[PDB]
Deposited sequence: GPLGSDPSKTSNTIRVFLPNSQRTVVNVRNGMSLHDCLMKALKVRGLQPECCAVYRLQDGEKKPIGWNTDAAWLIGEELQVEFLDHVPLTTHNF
């Protein structure tokens, strides 16, 4: 049960989905092997780009195309403690 995921810089990957798996868990490895972390990105369902969260249950998205974008490079609030 595969989902098509478009990535930044014209890249693209297919990921496998099991029931209950979150989007984060479904995409973690496919992003890691391309040098990307979900925490640095936003994800969308193509339907237009509709934003969805990283805790979306990916089983409901089988059959759709998703898109991953980098978050804009703006400073984060300090969290060192």
query	finding
Unmodelled intervals of the deposited chain, in order	1-11, 59-60
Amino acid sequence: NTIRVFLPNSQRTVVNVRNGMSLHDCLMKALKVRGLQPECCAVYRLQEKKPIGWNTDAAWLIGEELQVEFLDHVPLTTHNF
From here on, numbers count along this sequence of modelled residues.
| property | result |
| --- | --- |
| Between 50-58 and 23-31 (mean CA B-factor, as deposited), the higher | 23-31 |
| Mean Cα B-factor comparison, 65-73 or 8-16, giving the higher one as deposited | 8-16 |
